[PDB]
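A short write-up of the structure that comes next.
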Amino acid sequence: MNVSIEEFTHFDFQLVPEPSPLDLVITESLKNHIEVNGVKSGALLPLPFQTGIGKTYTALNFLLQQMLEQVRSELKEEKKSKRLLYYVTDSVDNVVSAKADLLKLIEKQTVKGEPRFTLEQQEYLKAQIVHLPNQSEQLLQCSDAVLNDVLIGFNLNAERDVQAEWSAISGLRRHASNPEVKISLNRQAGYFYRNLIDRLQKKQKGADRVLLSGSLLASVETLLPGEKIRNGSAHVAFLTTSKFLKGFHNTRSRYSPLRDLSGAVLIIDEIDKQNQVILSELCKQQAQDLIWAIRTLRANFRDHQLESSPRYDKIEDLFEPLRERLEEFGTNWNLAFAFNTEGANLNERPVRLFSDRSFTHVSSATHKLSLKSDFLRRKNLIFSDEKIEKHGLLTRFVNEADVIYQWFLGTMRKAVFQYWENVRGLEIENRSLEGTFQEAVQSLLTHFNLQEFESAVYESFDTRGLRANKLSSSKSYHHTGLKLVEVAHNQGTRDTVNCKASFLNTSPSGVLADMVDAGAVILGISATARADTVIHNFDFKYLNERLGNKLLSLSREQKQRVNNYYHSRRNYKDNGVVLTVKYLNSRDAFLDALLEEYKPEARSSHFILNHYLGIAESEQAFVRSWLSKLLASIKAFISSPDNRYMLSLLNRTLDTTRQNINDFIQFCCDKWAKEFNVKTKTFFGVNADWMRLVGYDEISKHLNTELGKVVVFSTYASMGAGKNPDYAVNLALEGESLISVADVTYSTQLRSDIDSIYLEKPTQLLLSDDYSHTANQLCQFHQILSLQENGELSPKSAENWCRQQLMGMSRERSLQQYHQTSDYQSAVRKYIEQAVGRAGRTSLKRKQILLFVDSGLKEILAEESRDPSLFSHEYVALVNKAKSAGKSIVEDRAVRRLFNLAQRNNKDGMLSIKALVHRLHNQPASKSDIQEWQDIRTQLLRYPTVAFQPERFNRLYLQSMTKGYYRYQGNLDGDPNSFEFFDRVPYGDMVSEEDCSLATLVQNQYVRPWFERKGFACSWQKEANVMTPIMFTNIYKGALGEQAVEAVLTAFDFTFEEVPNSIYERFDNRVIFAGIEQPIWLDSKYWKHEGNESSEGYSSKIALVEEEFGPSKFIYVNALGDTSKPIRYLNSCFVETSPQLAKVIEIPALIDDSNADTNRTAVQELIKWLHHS
DNA sequence: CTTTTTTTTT
Ligand SMILES: Nc1ncnc2c1ncn2[C@@H]1O[C@H](COP(=O)(O)OP(=O)(O)OP(O)(O)=S)[C@@H](O)[C@H]1O
Ligand SMILES: [Mg+2]
């Protein structure tokens, strides 16, 4: 019988425990956030304080306060749904330890000497918390009575194979032998759980819906903990990040928490380590054949229609542009035919193409691959011509098909949300977006006959249940992604190819920002929450720019209060605590004697390693160093009399697979144990599985009931963060070496932490993915593009690394390339600081603490430069000891990031401008493309220099060391990867206001009123965000010349009309004067300089204009120049001729560059020329 | 030249 909430009626909710400074840090920031933003808006609050200061105890006390607030709210409401609280972390052990810590807090919390909650209140509060493990673990913890009750209650017993499967599972349960049986039991438990829940859900969705209550309800709630969430019995969930990204099950469907994040509270512990976890999920997506997908979309969108019912209101207007695009794409690329390759170098190896989707494009083909349609053969052939043919490239087709596919998935998201709006105002049970999502997708795909995209629609919603590439939007790798396309022959046939494409549509930082934008309030708890790496942490410069004030910050008063709290509870210096740090090299001569004593019947230790320990010849140069620093640390710890607890953090786990090595290590320990008269217990293979099966409490039990030393062998992946290695202290076994460092004792029990640590250098710091080859390729390209996006890599180095990655470089060559970045050193120092923070859990410390660190870490630790006010005592001592050698000359990270980000922004601008011009030079043009081109021109004219970091045209500007001007070198029509900027080029072209001659131009009497009326800037602000060289040379000066010419001509009574999109961008604008039947076009330039306007180009422009518009006149005028030069008259072939026959009039200048005086003579000549037509 | 373990569904 459930506990009623009416037991909290007499509870006094206004009596609360004393809030610590950490509690005030969370509460004041969240209350202020609600004051500033809305009540429904999301937030992200990182809490980057010292390790061991008590940030999980504070997160669980904040969760308990949220549960009490919810109980109070529903007590007064005596309908509002429960607000969901999530506790997420990477490791299962930290999930179960935090749940047991919250339950312990509920059990034995005290207020003024009396328990805060009665036993019935405690049982209700505990009933509000659930834990959601993997499906095999969920099934294996259900007793036979529960599962037989579930099978009986759903009439699932008599269904053939299901009972056959269940009878097998219970059999394996009864005789659970050594782990050999257990791996099989786990695999079959997970498969049976999936099948059973699938049939339970299909039974609950149909008309034969079973009524759940009493025993049946308690059993199904035991089998399905998410059924408690769906009912409303519980609203607190403890789970991992993988489970949170996958979702859980109830009796109806699978609940995805990412689709229902509005109003939720997420507590993410060790948030930085979740960056890689989310990444490993994004790389699991399934590849899609783009040729089949686009041919299916074209075939089914041709005629199929939606219903004209109210529930499908204004959904077809979402899909009409996609239908027009599909019909145009299929006409252009001849999608009636299939695709095949031909020629050499195309059959031996498949073709691989990589695209950033903005400006990084790498092809595995030596020559550019073309695409031609053979109407006699009825085939599309991927040729390699041995002779730029812009029309008919394979990369153009692949990019346009990826654009169309992502357009279809985006319009599916838009139409599902529109369906849910139509339903909520029509259907008038689950009336939310998450509950209507499956029916909306099913109805739309069934109506369009596109049910084969159903899985694709679901996963795209899974990745993008929280939600462009235009130089007018904010651009970033984190919301666009990357794409990897493989073109290979179809499996089974020898005459067709397919384009399997794998996409990353967002980065982990984009997912986190989408989560905050959806309305979630997220508490990010980690000491390394603000590490300066983008591989082992989120990009917080991107998150700061995107979230704005939703990224809650902590004032210096609050940080000083937290620092005072930490230094008050960790007073090492006043209490006589001394910690010694040793940087241990490789002592081969010391390992030679120990190896000789181990097996004294052999002469050469090479034979001992090669035969007994099982180490080959490729090793024995590496193993002899990590099995020598480890032994020197263990010997130095055993020689220490007072120290009792040692932890050794390596990169590899010492388990049965390395049993022979353990035999050597155990022998060495026993040799030392008898020499110094101490008892030593060694714990090997302490990994996640050992923690689930055996449990870390055994180590603590050993330290509590037995005297002697203990050495533990774990890794960074198991004990690096979150783990709370503690043991109960009995003064009889601890001697007299323990002392309290807190000024005021704050602990009920007596506990101590590790007193000796050995820290290896972390090794495999570039992330990898063993799921498949495609997943590892996506993870490597994501890490290269994140390093290019941050600024740690120049665009040419990232392009070269992406080319070597497409060519198939080795993991050791990726690791070599990553070791040259400062990201690697910030990741190394983040891992070291987190690992060293495992020895600072309690206030009962040994008088001496021994730290033994790999000597191959000293130079890295020597380059710490952050504020030491946030470090812990062990990390401050590690840094001070490594720094004791002094300071080494290093390059400032900000100056190199500025050089890289200037190169990046300039290359992005060049590629985007070229693609914009290509789209403009296409018949017919587009309204959006013209609008975007105009928006760029007006923005650069109005704001040629901005003060704050731009949020819409961020790629038009670079940040310079000078103010309002900078120097550069590079060919504007050459390689974007060869540009140099700032101080690297002391002599080079300048991007400055005076170089543009703006002041001389505006001195004209007609320029100022036109500029001021239009709002354009007449001067350059002195700010550090200046235009890139491409924007300055190509776009800004052209618009400035065109605007000056139009201003003076309009002052001379010239009316202007918009150029039609058929011939857009080919000429500046129209010309109408006094009324002439013949059309007149105008082309305007800023100054004379050099112009790629040879006779062939002019003839092409005239032919393309006169073809669709007949004969016409043409004016070609330079805005600035010498008025002494004579006005010219040239024919259509740019040849001097008589005025009576010439079709083109040329004006050398319209505004003088010496006094800014208008050319009245030129206007009079133009008047006479026009009147003489 | 570098030198792995971790969660989940399948
Ligand atoms: N004010 C407090 N009262 C009682 N116990 C506390 C208090 N603060 C912390 N503790 C306990 O002391 C230890 C501090 O550990 P946590 O609170 O887990 O540390 P942390 O600061 O979160 O460090 P992390 O998670 O490794 S980076 C835990 O065992 C807490 O349960
Ligand atoms: Mg924690």
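Values below: every heavy atom of this structure, side chains too, minus hydrogens, waters and symmetry copies. So you know, we letter chains A, B, ... as the sequences are listed, proteins then strands, and number each from 1.
If you check every strand for non-hydrogen atoms under 4.0 Å, A/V92 touches sugar and phosphate atoms only. Among the atoms of the strands shown, base atoms are found under 4.0 Å from some heavy atom of A/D770. Across all strands, A/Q816 comes closer than 4.0 Å only to sugar-phosphate atoms, never to a base (heavy-atom distances). As judged by a 4.0 angstrom heavy-atom cut-off over every strand, A/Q135 is placed among residues touching the sugar-phosphate backbone only. Here A/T653 lies in heavy-atom contact (under 4.0 Å) with sugar-phosphate atoms only. Looking at heavy-atom distances under 4.0 Å, A/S768 makes contact with a base.
With respect to the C1'-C2'-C3'-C4' torsion, B/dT6 shows a north sugar, the value lying on the positive side.
Phosphate contact (OP1/OP2 of B/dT4, side-chain N/O of A/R811, threshold under 4.0 Å): absent. Residue A/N134 places at least one side-chain N or O closer than 4.0 Å to OP1 or OP2 of B/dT8. When the side-chain nitrogen and oxygen atoms of A/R652 are compared with OP1 and OP2 of B/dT2, none of them lie within a distance under 4.0 Å. Side-chain nitrogen and oxygen atoms of A/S91 include none within less than 4.0 Å of the OP1 or OP2 phosphate oxygen of B/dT6. When the side-chain nitrogen and oxygen atoms of A/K761 are compared with OP1 and OP2 of B/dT3, none of them lie within a distance under 4.0 Å. Phosphate contact (OP1/OP2 of B/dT6, side-chain N/O of A/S718, threshold under 4.0 Å): present.
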Dump the intermediate steps for side chain to side chain donor-acceptor pair (under 3.5 Å) on A/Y818 and A/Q783, then the final yes or no. CA-CA 10 Å; A/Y818 181 46; A/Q783 292 170 95; over 6 Å; no

In sequence, state the C-alpha distance, the side-chain angles, and the governing distance for A/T528 and A/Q834, and then conclude on side chain to side chain donor-acceptor pair (under 3.5 Å). CA-CA 7 Å; A/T528 58; A/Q834 206 88 84; 2.8 Å; yes

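With contacts defined as side-chain heavy-atom distances shorter than 4.5 Å, the pair A/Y87/A/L239 does not qualify. Contact annotation: the side chain of A/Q285 never approaches that of A/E459 to less than 4.5 Å [non-hydrogen atoms, C-beta and beyond].
Taking the 5.5 Å centre cut-off and the 30° plane limit, the aromatic side chain of A/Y191 is classed as stacked on B/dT10.
Ranking B/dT2, B/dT8, B/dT5 by closeness to the A/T715 side chain, first place goes to B/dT5. Listed candidates were B/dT2, B/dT5, B/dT9. Nearest to the side chain of A/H819 is B/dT2. Among B/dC1, B/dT4, B/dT3, the nucleotide with an atom closest to any side-chain atom of A/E812 is B/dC1. Across B/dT9, B/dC1, B/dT6, the shortest atom-to-atom separation from the side chain of A/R813 is found for B/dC1.
Each of A/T240 and A/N651 was matched to the nucleotide of DNA chain B holding its nearest heavy atom; the match closer to the 5' end belongs to A/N651.
Between A/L279 atom CG and B/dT6 atom P there is a gap of 18 Å when expressed in whole angstrom units. One interatomic measurement links the two molecules: OH of A/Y824 to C1' of B/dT2, which rounds to 10 Å at whole-angstrom precision. Taking atom CG on A/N186 and atom P on B/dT8, their separation rounds to 12 Å, with Å as the unit. Here the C1' atom of nucleotide B/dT7 and the CD atom of A/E137 are 11 Å apart, to the nearest Å. A/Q274 has its CD atom 14 Å from the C1' atom of B/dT8, to the nearest Å. Nucleotide B/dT6 holds its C1' atom 15 Å from the CD atom of A/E270, rounded to whole Å. Distance A/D769 CG to B/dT7 P: 15 Å, rounded to the nearest Å. In this entry the distance linking CG of A/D269 with P of B/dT7 reads 15 Å, nearest Å.
Under 3.5 Å, the side chains of A/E165 and A/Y191 contain no donor-acceptor pair of N or O atoms. Side-chain contact check for A/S526 and A/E270: at least one donor-acceptor pair (N or O, by modelled atom type) lies under 3.5 Å. Side-chain atoms of A/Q138 and A/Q141 include a donor-acceptor pair closer than 3.5 Å.
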